[PDB]
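Take a look at this single chain, the form solved without the named molecule, given in structure tokens.
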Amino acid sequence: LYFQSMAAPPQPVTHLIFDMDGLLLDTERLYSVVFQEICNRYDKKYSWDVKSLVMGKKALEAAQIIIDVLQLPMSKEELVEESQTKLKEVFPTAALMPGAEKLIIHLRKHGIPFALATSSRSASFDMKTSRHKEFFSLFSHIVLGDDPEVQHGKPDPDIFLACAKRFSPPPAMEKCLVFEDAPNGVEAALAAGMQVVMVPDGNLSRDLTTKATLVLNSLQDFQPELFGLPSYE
């Protein structure tokens, strides 16, 4: 097992937090399919560079940027309406990412506590997980993007602080390990005082991956013994 990089020596952890979108489920592929279908109509390419400019943006804000840079003729409100309508139809087809099932089973076997955090709210969470209820029931608890204790989204640490505090009994933040795909979540994890494993899209510039404790090509390359957890049998 090979890593792409390490920012700092791994410290032992007791509790794990997984971001859902992009890391556990292939939702980024679904966004790209849908935006690409729309852009096709205008002979425009929803490219990696364009995606990168709307990473971490709310839907209206992302829509306005796509419209500007691709010179699309619709309003941001119309693009949001169309894309969210199509995403509602494709979300339930979300697939678990490579290595996710293996790692969760391993954590359950060894009684390692783990939980789920996500920027998605209820409606999208329910659609995206609709065919994976058994897998999602394995997590200790789930914190959604609309959670009462989350005042601010990523890159603010709130989502991961709330997630750590919901464990009974709660650990020290420093004993928690976050799994993320996106730079906004890496920054949030670090600002929460936690270590972070990043599994970024292979197109993401390496300059945006430099802060994460550990960067991997796939969750399949995760070696739990680097953070003081039991190694795979």
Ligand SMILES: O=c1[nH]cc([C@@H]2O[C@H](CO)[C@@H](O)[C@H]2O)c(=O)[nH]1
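All residue numbers refer to positions in the sequence shown, first residue = 1.
The form deposited with the named molecule bound is left out here; the points below concern that form.
Only one segment in the set 47-55, 199-207, 164-172, 186-194 has residues whose heavy atoms sit within 4.5 Å of the named molecule in the entry with it bound; it is 47-55. Relative to the named molecule in the entry with it bound, residues 158, 160 and 179 are all farther than 4.5 Å at every heavy atom. The named molecule is not drawn, but in the entry with it bound it has a heavy atom within 4.5 Å of residue 120. Although the partner is absent here, residue 26 is not a contact residue: none of its heavy atoms lies within 4.5 angstroms of the named molecule in the entry with it bound.
Though the partner is left out of this view, residue 69 does not reach within 4.5 Å of the named molecule in the entry with it bound, counting heavy atoms only.
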